[PDB]
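Enquirer: Input structure: target04.cif, which contains mmCIF, N, CA and C atoms and all ligand atoms.
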data_data
#
loop_
_atom_site.label_atom_id
_atom_site.label_comp_id
_atom_site.auth_asym_id
_atom_site.auth_seq_id
_atom_site.Cartn_x
_atom_site.Cartn_y
_atom_site.Cartn_z
N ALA A 1 0.82 -1.20 0.00
CA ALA A 1 0.00 0.00 0.00
C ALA A 1 0.86 1.26 0.00
N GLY A 2 1.96 1.23 -0.74
CA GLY A 2 2.96 2.27 -0.63
C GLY A 2 4.07 1.81 0.29
N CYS A 3 4.73 2.73 0.98
CA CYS A 3 5.79 2.31 1.89
C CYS A 3 5.90 3.25 3.08
N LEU A 4 6.46 2.71 4.16
CA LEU A 4 6.50 3.35 5.46
C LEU A 4 7.90 3.87 5.76
N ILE A 5 7.96 5.09 6.28
CA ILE A 5 9.19 5.67 6.80
C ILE A 5 8.93 6.08 8.24
N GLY A 6 9.71 5.53 9.16
CA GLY A 6 9.56 5.83 10.57
C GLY A 6 9.02 4.70 11.42
N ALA A 7 8.65 3.57 10.82
CA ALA A 7 8.14 2.42 11.56
C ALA A 7 8.93 1.19 11.15
N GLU A 8 9.45 0.47 12.14
CA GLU A 8 10.24 -0.73 11.89
C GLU A 8 9.35 -1.96 11.83
N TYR A 9 9.77 -2.93 11.02
CA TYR A 9 9.00 -4.14 10.80
C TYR A 9 9.48 -5.24 11.74
N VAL A 10 8.56 -5.81 12.50
CA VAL A 10 8.87 -6.88 13.44
C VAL A 10 8.29 -8.18 12.92
N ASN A 11 8.92 -9.29 13.30
CA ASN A 11 8.49 -10.62 12.87
C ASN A 11 7.58 -11.25 13.93
N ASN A 12 6.50 -10.54 14.23
CA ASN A 12 5.52 -11.01 15.20
C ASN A 12 4.12 -10.85 14.62
N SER A 13 3.09 -11.05 15.44
CA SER A 13 1.72 -10.89 14.99
C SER A 13 0.84 -10.54 16.18
N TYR A 14 0.20 -9.38 16.13
CA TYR A 14 -0.76 -8.95 17.13
C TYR A 14 -2.07 -8.60 16.46
N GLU A 15 -3.03 -8.17 17.27
CA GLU A 15 -4.29 -7.64 16.75
C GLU A 15 -4.02 -6.31 16.06
N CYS A 16 -4.81 -6.01 15.03
CA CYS A 16 -4.60 -4.80 14.24
C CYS A 16 -5.01 -3.57 15.04
N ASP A 17 -4.06 -2.67 15.28
CA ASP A 17 -4.32 -1.43 16.01
C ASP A 17 -4.61 -0.28 15.05
N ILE A 18 -3.65 0.06 14.20
CA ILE A 18 -3.83 1.10 13.19
C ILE A 18 -3.73 0.45 11.81
N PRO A 19 -4.81 0.41 11.03
CA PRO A 19 -4.76 -0.26 9.73
C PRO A 19 -4.01 0.57 8.70
N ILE A 20 -3.05 -0.05 8.03
CA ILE A 20 -2.25 0.60 6.99
C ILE A 20 -2.65 0.12 5.60
N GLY A 21 -2.55 -1.17 5.34
CA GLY A 21 -2.74 -1.66 3.99
C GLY A 21 -3.08 -3.13 3.91
N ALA A 22 -2.48 -3.83 2.94
CA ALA A 22 -2.84 -5.21 2.64
C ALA A 22 -2.27 -6.14 3.71
N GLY A 23 -2.97 -6.19 4.85
CA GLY A 23 -2.58 -7.04 5.95
C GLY A 23 -1.53 -6.48 6.88
N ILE A 24 -1.11 -5.23 6.69
CA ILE A 24 -0.06 -4.61 7.50
C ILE A 24 -0.72 -3.61 8.44
N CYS A 25 -0.36 -3.67 9.72
CA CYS A 25 -0.86 -2.74 10.73
C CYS A 25 0.33 -2.13 11.47
N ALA A 26 0.04 -1.10 12.27
CA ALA A 26 1.07 -0.44 13.07
C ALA A 26 0.55 -0.23 14.48
N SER A 27 1.50 -0.10 15.41
CA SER A 27 1.16 0.07 16.82
C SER A 27 2.32 0.76 17.52
N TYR A 28 2.06 1.18 18.76
CA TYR A 28 3.04 1.84 19.62
C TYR A 28 3.38 0.89 20.76
N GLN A 29 4.56 0.28 20.70
CA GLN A 29 4.92 -0.76 21.66
C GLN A 29 6.25 -0.42 22.33
N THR A 30 6.71 -1.34 23.18
CA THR A 30 7.88 -1.14 24.03
C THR A 30 9.09 -1.95 23.60
N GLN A 31 8.91 -3.24 23.33
CA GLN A 31 10.02 -4.11 22.97
C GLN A 31 10.53 -3.81 21.56
N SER A 32 12.29 1.26 25.40
CA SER A 32 11.94 2.51 24.74
C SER A 32 10.71 2.33 23.86
N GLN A 33 9.73 3.22 24.03
CA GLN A 33 8.51 3.16 23.24
C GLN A 33 8.79 3.58 21.80
N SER A 34 8.25 2.82 20.85
CA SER A 34 8.47 3.10 19.44
C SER A 34 7.30 2.58 18.62
N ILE A 35 7.17 3.11 17.41
CA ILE A 35 6.14 2.68 16.48
C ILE A 35 6.67 1.50 15.69
N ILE A 36 5.97 0.37 15.76
CA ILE A 36 6.34 -0.82 15.01
C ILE A 36 5.23 -1.15 14.03
N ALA A 37 5.61 -1.82 12.95
CA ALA A 37 4.69 -2.27 11.92
C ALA A 37 4.80 -3.78 11.79
N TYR A 38 3.66 -4.45 11.63
CA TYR A 38 3.63 -5.90 11.62
C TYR A 38 2.53 -6.35 10.67
N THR A 39 2.39 -7.67 10.54
CA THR A 39 1.25 -8.26 9.86
C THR A 39 0.21 -8.67 10.90
N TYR B 1 -11.47 -39.10 6.13
CA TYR B 1 -12.65 -39.96 6.04
C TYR B 1 -13.77 -39.33 6.85
N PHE B 2 -14.80 -38.85 6.16
CA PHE B 2 -15.91 -38.18 6.81
C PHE B 2 -17.22 -38.93 6.55
N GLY B 3 -17.19 -40.25 6.70
CA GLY B 3 -18.38 -41.04 6.48
C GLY B 3 -18.75 -41.26 5.03
N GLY B 4 -17.80 -41.13 4.11
CA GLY B 4 -18.05 -41.29 2.70
C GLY B 4 -18.18 -39.98 1.94
N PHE B 5 -18.46 -38.89 2.64
CA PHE B 5 -18.48 -37.57 2.03
C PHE B 5 -17.05 -37.08 1.83
N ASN B 6 -16.72 -36.64 0.62
CA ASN B 6 -15.43 -36.04 0.36
C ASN B 6 -15.60 -34.55 0.11
N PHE B 7 -14.80 -33.75 0.82
CA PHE B 7 -14.80 -32.31 0.68
C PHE B 7 -13.52 -31.82 0.02
N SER B 8 -12.95 -32.64 -0.87
CA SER B 8 -11.65 -32.35 -1.45
C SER B 8 -11.70 -31.16 -2.40
N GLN B 9 -12.86 -30.91 -3.01
CA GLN B 9 -12.98 -29.78 -3.92
C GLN B 9 -13.21 -28.46 -3.20
N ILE B 10 -13.58 -28.48 -1.93
CA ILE B 10 -13.82 -27.25 -1.18
C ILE B 10 -12.79 -27.02 -0.08
N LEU B 11 -12.05 -28.04 0.34
CA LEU B 11 -10.95 -27.87 1.27
C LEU B 11 -9.73 -27.32 0.54
N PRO B 12 -8.90 -26.52 1.21
CA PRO B 12 -7.74 -25.93 0.53
C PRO B 12 -6.67 -26.95 0.17
N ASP B 13 -5.96 -26.65 -0.92
CA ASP B 13 -4.84 -27.46 -1.39
C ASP B 13 -3.54 -26.72 -1.12
N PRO B 14 -2.65 -27.25 -0.28
CA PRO B 14 -1.44 -26.51 0.10
C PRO B 14 -0.31 -26.56 -0.92
N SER B 15 -0.54 -27.11 -2.12
CA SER B 15 0.51 -27.15 -3.13
C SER B 15 0.80 -25.76 -3.69
N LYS B 16 -0.25 -25.03 -4.05
CA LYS B 16 -0.09 -23.67 -4.54
C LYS B 16 0.23 -22.73 -3.37
N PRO B 17 0.97 -21.64 -3.62
CA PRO B 17 1.35 -20.73 -2.52
C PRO B 17 0.18 -20.05 -1.83
N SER B 18 -0.89 -19.73 -2.55
CA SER B 18 -2.10 -19.19 -1.94
C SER B 18 -3.00 -20.36 -1.58
N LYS B 19 -3.24 -20.55 -0.29
CA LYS B 19 -3.97 -21.73 0.17
C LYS B 19 -5.44 -21.60 -0.18
N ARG B 20 -5.79 -22.04 -1.39
CA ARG B 20 -7.10 -21.80 -1.97
C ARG B 20 -7.61 -23.10 -2.58
N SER B 21 -8.92 -23.30 -2.52
CA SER B 21 -9.51 -24.56 -2.95
C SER B 21 -9.76 -24.55 -4.45
N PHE B 22 -10.31 -25.66 -4.96
CA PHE B 22 -10.56 -25.79 -6.39
C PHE B 22 -11.73 -24.92 -6.83
N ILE B 23 -12.83 -24.96 -6.08
CA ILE B 23 -14.00 -24.15 -6.41
C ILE B 23 -13.70 -22.67 -6.23
N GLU B 24 -12.91 -22.32 -5.21
CA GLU B 24 -12.53 -20.93 -5.00
C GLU B 24 -11.61 -20.43 -6.11
N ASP B 25 -10.75 -21.31 -6.64
CA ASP B 25 -9.95 -20.96 -7.82
C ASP B 25 -10.82 -20.73 -9.04
N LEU B 26 -11.86 -21.56 -9.22
CA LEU B 26 -12.78 -21.37 -10.34
C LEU B 26 -13.54 -20.06 -10.21
N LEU B 27 -13.97 -19.72 -8.99
CA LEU B 27 -14.69 -18.47 -8.76
C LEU B 27 -13.78 -17.26 -8.95
N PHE B 28 -12.50 -17.38 -8.56
CA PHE B 28 -11.58 -16.26 -8.72
C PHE B 28 -11.20 -16.05 -10.17
N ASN B 29 -11.01 -17.13 -10.92
CA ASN B 29 -10.65 -17.00 -12.33
C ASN B 29 -11.84 -16.65 -13.20
N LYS B 30 -13.07 -16.88 -12.73
CA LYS B 30 -14.24 -16.57 -13.54
C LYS B 30 -14.52 -15.07 -13.61
N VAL B 31 -14.36 -14.36 -12.50
CA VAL B 31 -14.60 -12.92 -12.47
C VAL B 31 -13.35 -12.20 -12.95
N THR B 32 -13.47 -11.47 -14.06
CA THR B 32 -12.35 -10.73 -14.63
C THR B 32 -12.26 -9.38 -13.93
N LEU B 33 -11.21 -9.18 -13.14
CA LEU B 33 -11.04 -7.96 -12.37
C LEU B 33 -10.67 -6.79 -13.28
N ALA B 34 -10.81 -5.59 -12.74
CA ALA B 34 -10.41 -4.38 -13.45
C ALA B 34 -8.92 -4.11 -13.35
N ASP B 35 -8.20 -4.88 -12.52
CA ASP B 35 -6.75 -4.76 -12.29
C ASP B 35 -6.38 -3.35 -11.83
N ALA B 36 -7.09 -2.87 -10.81
CA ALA B 36 -6.95 -1.51 -10.32
C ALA B 36 -5.64 -1.35 -9.54
N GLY B 37 -5.36 -0.12 -9.12
CA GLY B 37 -4.10 0.20 -8.48
C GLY B 37 -4.02 -0.11 -7.00
N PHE B 38 -4.57 -1.26 -6.59
CA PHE B 38 -4.39 -1.71 -5.22
C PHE B 38 -2.94 -2.10 -4.94
N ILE B 39 -2.25 -2.66 -5.92
CA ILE B 39 -0.80 -2.74 -5.91
C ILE B 39 -0.28 -1.54 -6.69
N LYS B 40 0.92 -1.07 -6.36
CA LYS B 40 1.46 0.16 -6.92
C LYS B 40 1.71 0.03 -8.42
N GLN B 41 1.46 1.12 -9.14
CA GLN B 41 1.53 1.10 -10.60
C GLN B 41 2.18 2.34 -11.20
N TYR B 42 2.83 3.19 -10.40
CA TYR B 42 3.48 4.36 -10.98
C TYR B 42 4.73 3.98 -11.78
N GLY B 43 5.37 2.86 -11.43
CA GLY B 43 6.46 2.36 -12.24
C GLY B 43 6.01 1.89 -13.61
N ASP B 44 4.82 1.31 -13.70
CA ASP B 44 4.28 0.91 -15.00
C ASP B 44 3.78 2.11 -15.80
N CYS B 45 3.31 3.15 -15.12
CA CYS B 45 2.85 4.35 -15.82
C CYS B 45 4.01 5.20 -16.32
N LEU B 46 5.10 5.30 -15.55
CA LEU B 46 6.25 6.08 -15.97
C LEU B 46 6.97 5.43 -17.14
N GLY B 47 7.15 4.11 -17.09
CA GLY B 47 7.72 3.40 -18.22
C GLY B 47 6.71 3.27 -19.34
N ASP B 48 6.92 4.02 -20.42
CA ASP B 48 5.94 4.09 -21.50
C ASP B 48 5.96 2.81 -22.33
N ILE B 49 5.10 1.86 -21.98
CA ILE B 49 4.96 0.60 -22.70
C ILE B 49 3.60 0.61 -23.39
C1 LIG C 101 -13.63 -37.35 -3.44
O1 LIG C 101 -13.26 -36.68 -4.66
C2 LIG C 101 -11.87 -36.76 -5.01
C3 LIG C 101 -11.69 -35.98 -6.29
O2 LIG C 101 -12.94 -35.77 -6.94
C4 LIG C 101 -11.46 -38.23 -5.15
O3 LIG C 101 -10.06 -38.30 -5.41
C5 LIG C 101 -11.79 -38.99 -3.88
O4 LIG C 101 -11.48 -40.37 -4.04
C6 LIG C 101 -13.27 -38.84 -3.53
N1 LIG C 101 -13.58 -39.54 -2.30
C7 LIG C 101 -14.08 -40.78 -2.27
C8 LIG C 101 -14.35 -41.35 -0.91
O5 LIG C 101 -14.30 -41.41 -3.30
#
Please re-express this file's structure in structure tokens.
Ligand SMILES: *[C@@H]1O[C@H](CO)[C@@H](O)[C@H](O)[C@H]1NC(C)=O

Expert:
Amino acid sequence: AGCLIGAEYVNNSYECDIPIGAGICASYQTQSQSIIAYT
Amino acid sequence: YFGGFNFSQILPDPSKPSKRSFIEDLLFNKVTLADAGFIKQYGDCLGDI
């Protein structure tokens, strides 16, 4: 759905918090607090 | 074995990368999509083909 700058991609899976695109979501997590992007 | 009933045409087949059944493949190939820009297409538009 385009591309993300400022959010790192983690190899995990949680419930969708902020919907981005084709199965990709983003959230504000801890593991320093930062914005992560996942499926 | 489900008592003689076979659901092989509606259960998914894991051979193909998209885990999709035979009837679902027929339904997907029957409807001709508009091939819209849900995947990015500015590279195809810039390259004049
Ligand atoms: C169910 O259908 C598949 C393919 O049509 C076939 O290979 C299978 O043997 C059938 N099941 C039975 C119990 O005959």

Enquirer: Residues of chain B within 8 Å of chain A, counting all atoms listed in the file - could you list those as a ChimeraX atom specification?

Expert: /B:38-40

Enquirer: Mind listing the residues within 9 Å of ligand LIG 101 (chain C), only C-alpha atoms and all ligand atoms counted, as a ChimeraX atom specification?

Expert: /B:1-9

Enquirer: Taking only region 12-48 of chain B into account, list the residues labelled helix (DSSP H, G or I) by DSSP (computed from the backbone), as an NGL selection string.

Expert: :B and (22-30 or 42-46)

Enquirer: For a test of reading the model, state the distance in Å between CA of residue 14 (chain A) and atom N of residue 26 (chain A), rounded to one decimal.

Expert: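 These atoms are spaced 9.3 Å apart.
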
Enquirer: For a test of reading the model, state the distance in Å between CA of residue 25 (chain A) and CA of residue 14 (chain B), rounded to one decimal.

Expert: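 These atoms are spaced 26.0 Å apart.
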
Enquirer: Taking (2.4, -10.1, 19.8) as a centre in this file's frame and 12 Å as the limit, can you find every polymer residue with an atom that close, using only C-alpha atoms, and give them as a list in words?

Expert: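 So the residues meeting the distance criterion are residues 10, 11, 12, 13, 14, 15, 16, 17, 26, 27, 28, 29, 30, 31, 36, 37, 38 and 39 of chain A.
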
Enquirer: For N, CA and C atoms, I'd like the residues from the last selection saved as a CSV table (one decimal), keeping the file's coordinate frame.

Expert:
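And here is the file that came out, part-v2.csv:
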chain,number,residue,atom,x,y,z
A,10,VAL,N,8.6,-5.8,12.5
A,10,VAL,CA,8.9,-6.9,13.4
A,10,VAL,C,8.3,-8.2,12.9
A,11,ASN,N,8.9,-9.3,13.3
A,11,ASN,CA,8.5,-10.6,12.9
A,11,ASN,C,7.6,-11.2,13.9
A,12,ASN,N,6.5,-10.5,14.2
A,12,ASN,CA,5.5,-11.0,15.2
A,12,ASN,C,4.1,-10.8,14.6
A,13,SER,N,3.1,-11.0,15.4
A,13,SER,CA,1.7,-10.9,15.0
A,13,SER,C,0.8,-10.5,16.2
A,14,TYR,N,0.2,-9.4,16.1
A,14,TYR,CA,-0.8,-9.0,17.1
A,14,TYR,C,-2.1,-8.6,16.5
A,15,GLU,N,-3.0,-8.2,17.3
A,15,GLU,CA,-4.3,-7.6,16.8
A,15,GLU,C,-4.0,-6.3,16.1
A,16,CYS,N,-4.8,-6.0,15.0
A,16,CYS,CA,-4.6,-4.8,14.2
A,16,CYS,C,-5.0,-3.6,15.0
A,17,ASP,N,-4.1,-2.7,15.3
A,17,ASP,CA,-4.3,-1.4,16.0
A,17,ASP,C,-4.6,-0.3,15.0
A,26,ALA,N,0.0,-1.1,12.3
A,26,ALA,CA,1.1,-0.4,13.1
A,26,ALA,C,0.6,-0.2,14.5
A,27,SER,N,1.5,-0.1,15.4
A,27,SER,CA,1.2,0.1,16.8
A,27,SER,C,2.3,0.8,17.5
A,28,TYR,N,2.1,1.2,18.8
A,28,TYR,CA,3.0,1.8,19.6
A,28,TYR,C,3.4,0.9,20.8
A,29,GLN,N,4.6,0.3,20.7
A,29,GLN,CA,4.9,-0.8,21.7
A,29,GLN,C,6.2,-0.4,22.3
A,30,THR,N,6.7,-1.3,23.2
A,30,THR,CA,7.9,-1.1,24.0
A,30,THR,C,9.1,-2.0,23.6
A,31,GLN,N,8.9,-3.2,23.3
A,31,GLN,CA,10.0,-4.1,23.0
A,31,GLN,C,10.5,-3.8,21.6
A,36,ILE,N,6.0,0.4,15.8
A,36,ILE,CA,6.3,-0.8,15.0
A,36,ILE,C,5.2,-1.2,14.0
A,37,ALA,N,5.6,-1.8,13.0
A,37,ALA,CA,4.7,-2.3,11.9
A,37,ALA,C,4.8,-3.8,11.8
A,38,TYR,N,3.7,-4.4,11.6
A,38,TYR,CA,3.6,-5.9,11.6
A,38,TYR,C,2.5,-6.4,10.7
A,39,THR,N,2.4,-7.7,10.5
A,39,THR,CA,1.2,-8.3,9.9
A,39,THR,C,0.2,-8.7,10.9

Enquirer: List every residue of chain B that DSSP, applied to the backbone of this structure, places in strand (DSSP E or B), and write the result as a VMD selection string.

Expert: chain B and resid 2 5 13 20

Enquirer: If you keep N, CA and C atoms, can you produce a file of those selected residues as an mmCIF file, in the coordinates of the input?

Expert:
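Output file selection20.cif follows:
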data_model
loop_
_atom_site.group_PDB
_atom_site.id
_atom_site.type_symbol
_atom_site.label_atom_id
_atom_site.label_comp_id
_atom_site.auth_asym_id
_atom_site.auth_seq_id
_atom_site.Cartn_x
_atom_site.Cartn_y
_atom_site.Cartn_z
ATOM 1 N N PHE B 2 -14.800 -38.850 6.160
ATOM 2 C CA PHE B 2 -15.910 -38.180 6.810
ATOM 3 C C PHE B 2 -17.220 -38.930 6.550
ATOM 4 N N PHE B 5 -18.460 -38.890 2.640
ATOM 5 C CA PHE B 5 -18.480 -37.570 2.030
ATOM 6 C C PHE B 5 -17.050 -37.080 1.830
ATOM 7 N N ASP B 13 -5.960 -26.650 -0.920
ATOM 8 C CA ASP B 13 -4.840 -27.460 -1.390
ATOM 9 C C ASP B 13 -3.540 -26.720 -1.120
ATOM 10 N N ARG B 20 -5.790 -22.040 -1.390
ATOM 11 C CA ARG B 20 -7.100 -21.800 -1.970
ATOM 12 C C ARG B 20 -7.610 -23.100 -2.580
#

Enquirer: Report, in Å to a single decimal, how far apart atom N of residue 27 (chain B) and CA of residue 23 (chain A) are.

Expert: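 About the pair CA of residue 23 (chain A) and atom N of residue 27 (chain B): they are 22.7 Å apart.
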